[PDB]
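Take a look at this single chain, the form deposited in one PDB entry, given in structure tokens.
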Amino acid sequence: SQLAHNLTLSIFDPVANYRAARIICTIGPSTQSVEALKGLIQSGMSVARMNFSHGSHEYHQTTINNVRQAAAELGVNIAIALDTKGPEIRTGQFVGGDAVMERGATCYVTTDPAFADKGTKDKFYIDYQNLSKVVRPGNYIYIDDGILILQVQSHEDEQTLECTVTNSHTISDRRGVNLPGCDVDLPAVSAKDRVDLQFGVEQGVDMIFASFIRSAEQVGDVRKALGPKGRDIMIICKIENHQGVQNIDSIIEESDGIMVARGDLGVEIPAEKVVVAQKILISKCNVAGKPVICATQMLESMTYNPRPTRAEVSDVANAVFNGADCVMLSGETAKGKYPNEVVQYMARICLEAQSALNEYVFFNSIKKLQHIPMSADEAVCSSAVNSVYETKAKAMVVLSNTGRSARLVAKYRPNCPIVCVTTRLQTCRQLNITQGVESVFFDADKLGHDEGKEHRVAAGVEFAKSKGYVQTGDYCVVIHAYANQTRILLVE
């Protein structure tokens, strides 16, 4: 019924009084200082991403420290995400640091370590030791962000493949390779990841963006790598190839959420199919009640230009229309010239799209897919959201300690803000990747367990009032316990 909703819209009508979508910002030289982070927060950042593909632990410690300091000074809660380097397939080195590959020419790719240092255009090293047994004749080898394409002709020997160069491209040392038609059987985490994941646990990071997730089993490996002390850290699986896409159901099941890495997917998969995979992955996550992130190549041109392209704007809006919880910035904030302006524009685009989005369509579609009998939690949350639509309530208040009930309510897409009142600061931070929720910390050790729920509900209603969401005479739908209890509250 989005079509019917479109008919009634006017672009000169006022936007909504809240932005549901959440913005993730990659931190770098442009943004690591406390003042720059404060600018980012004020601009609309909810999550600070650390890209562990670059920088040392000391560098990322500065990010961690500065984020917390910036957040404390503004009196907000900012999530900290550790995005892993992950397993990689790279070529070796070349003689003269270069190799001119030409269309029609024959070359030999080998997994023999002896050729790691002495590669040429004729024969060179690829560090993936299972390359030969995974590839068949006819398969393609992509090298250097998929620019150079090789086609496998035959097995020259156990370690060496005879290849045709399908297009002219010059490659340098240690370039990344992709196997578009092959199942890559590299482990879930690299040696570097294990060290980085333990550091993340020690430093109290909120979530892991786990690279190159290909199967459900690998999610559990990441979990093992985090250890017992890292059990409450969210694992967001980055979907980067056909295996991740094909195994999406079982991966979603095990994960705490999904990143749609469009650029990485686009190395192996045609761009038009990636648009569609984005649609599928987001909708599957919406149904699972798990956060989903739209990432890479969002407003890329705004890295060095003061404005992005028109197509980039439509990309951001359509991620929201698709149902994304979050939209992500990489180089635009990490190394960009206009970090504040890009985040501010991203927020503006999201808000505009949201105002056009018919939330009821999401609620109705998701409700109709539920199997009857529903469990108590599911019934309470869907009914609560239904009560919002039926009474035209102007806010929801959800008491949630772990964040579970808040995510379950957000899943059903009410057309008003959700205020989550929680007794855990880490819940405040982790809910920053869930659309349409804002969190209020209730310090139970300071103020009491509030067994009758009245103090926490009042904290919720008050926050909603301070934001202008509700006033005297408005309805507010309250849910508390997982979640098995609902009230329709008249605001005083």
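Start at 1 with the first residue shown and count on from there.
- Coordinates for residue 12 are present in every one of the other compared entries of this protein that model residues on both sides of it, well short of the third needed to count it as often missing.
- In the comparison with other entries of the same protein, residue 482 is left without coordinates in at least one third of those covering both sides of it.
- Unmodelled residues of the deposited sequence between neighbouring positions residue 481 and residue 482 number 4 to 9.
- Mean C-alpha B-factor is higher over 127-135 than over the other stretch, the pair under comparison being 316-324 and 127-135.
- Between the stretches 82-90 and 347-355, it is 82-90 that shows the larger average CA temperature factor.
- For the set 284, 175, 411, 310, the PDB entry assigns the largest Cα B-factor to 175.
- The top Cα temperature factor in the record, among 289, 204, 104, 331, falls on 104.
- Per the PDB record, residue ranking by Cα B-factor puts residue 438 in the lowest third of the chain.
- Compared with the other modelled residues of the chain, the Cα B-factor recorded for residue 227 ranks in the highest third.
- In the PDB entry, residue 9 places in the middle third of its chain by CA B-factor.
- The entry lists a Cα temperature factor for residue 15 that places it in the highest third of the chain's modelled residues.
- Ranked by C-alpha B-factor against the other modelled residues of its chain, residue 363 falls in the lowest third.
This next part talks about the form deposited in another entry, which is not shown.
- Panel note: of 88, 355, 468, 53, the residue at the hinge between moving rigid parts between the shown form and the other one is 88; all others are over 12 positions away.
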